[PDB]
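Next comes just one chain, in structure tokens: the form deposited in one PDB entry.
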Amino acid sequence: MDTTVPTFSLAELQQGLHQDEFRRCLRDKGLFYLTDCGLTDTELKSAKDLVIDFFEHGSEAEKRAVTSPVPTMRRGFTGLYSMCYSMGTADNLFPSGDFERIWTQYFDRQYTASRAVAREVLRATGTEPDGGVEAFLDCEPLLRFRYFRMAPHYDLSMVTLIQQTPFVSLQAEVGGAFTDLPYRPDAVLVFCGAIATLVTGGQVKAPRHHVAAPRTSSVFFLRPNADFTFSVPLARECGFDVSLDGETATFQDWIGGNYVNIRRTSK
């Protein structure tokens, strides 16, 4: 195994190409850049531009009308010496007139790409989730766009898609050492998270990553439904320090009644 973060074309994967290379990437690294998945730089511009014009020029009242009453960063605007804009499949809060269109299309592209790669991850590992593949992937995504440092953690998602604007702050553990993860023109960076490890019975690594110290980021978490069900003994076999009585459990059983998106190894 070398220490190169690989790149895969989603379309080539969907055509059955690079099977061994993909499978070993998932087992040994758990991250990769993904091309050919409908996330062209053009589009990040349309979405980026109008959010960035809301962030700098939205009035305090305009911001307040798209702020939730609890500051959870789940939907709408959050002031944080940074600003965030969050979305999912429903219950969104949109500025204006043309923002909704642009951002619904952007979200859709990312949700589709995310489901698609996750579908390939399942296929590559021979995994049939309890309840089937499509009910598993029809889930609880969350998109956060941040505009202007992260201690090492791993994601609790199935997969996480990250688009950025281009010093390389983002690094990940590859082969036992942190490696730069720079902006890739027509690629998105995919991190496998803990739910990939869980659902596939340990066939996918969930790598640790952080942001080092010396701008904008789009992070799409593909998160399972509360009712995603898994084998308890199987979870223990792959490193999950579960406190679950009995033989099956749900995501809700494991993580509790509020989504938790990341975890540190520390305790």
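If you superpose the two forms and keep the largest set of C-alpha atoms that fall within 1.5 Å, you have the rigid core. Throughout, we count residues from 1 along the sequence that is shown.
One more form of this protein, deposited in another entry, exists but is not displayed; see below.
- Superposed on the core, the two forms barely differ at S9: its CA moves less than 2 Å between the shown form and the other one.
- With the core held fixed between the shown form and the other one, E237 has its Cα displaced by at least 2 Å.
- Remark: with the core as the superposition reference, the CA shift of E247 between the shown form and the other one reaches 2 Å or more.
- Cα of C238 to Cα of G131: at least 3 Å longer in that other deposited form than in the shown structure.
- Whereas the shown form places them at one spacing, the Cα atoms of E237 and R208 lie at least 3 Å closer in that other deposited form.
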